[PDB]
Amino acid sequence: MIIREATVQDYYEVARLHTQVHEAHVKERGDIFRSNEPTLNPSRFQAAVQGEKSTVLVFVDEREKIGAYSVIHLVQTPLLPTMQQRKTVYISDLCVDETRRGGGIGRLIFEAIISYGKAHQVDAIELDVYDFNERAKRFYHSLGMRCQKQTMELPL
């Protein structure tokens, strides 16, 4: 129905969506991620909502239920001797309810992030995604995103 900015009163619905994605990461990379109740710290959520450079978006359906959310950050680095000045929207979180994928919700949310980025005349949108996460990768790829760089690892 609509995409709006979240408020602090959206914590419980957002936190539930956060747990779906977090537990999937715990399952695949338990060497890095740990289970907890809650998985979303409400103080961290409050800071994201009220932060100067961060924005929390939610997709709300016709029944006033939150179906997806995203957290984004306006990032600016100045001109340096060896690095260009750069302005980006960084997506730290984007979760679509597990039972509501394939309904176009994720694309709608991403289009809102694009609109925001253009309004702020940013150079690019960026995010980070784990290699095991084929669902996320195919999603971002289908929307035109491409790999900039990667973290490589060798367990000892």
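The numbering used is simple: start at 1 and walk along the sequence shown.
In this crystal structure, the stretch out of 48-56 and 124-132 whose C-alpha atoms carry the higher mean B factor is 48-56. When the modelled residues of the chain are ordered by their C-alpha B factor, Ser70 lands in the lowest third.
When the CA B factors of the chain's modelled residues are split into thirds, the value for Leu40 lands in the middle one. Among the modelled residues of the chain, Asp97 sits in the lowest third by CA temperature factor in this PDB entry.
When the modelled residues of the chain are ordered by their C-alpha B factor, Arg29 lands in the middle third. Among the modelled residues of its chain, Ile105 has a C-alpha B-factor that falls in the lowest third according to the deposited record.
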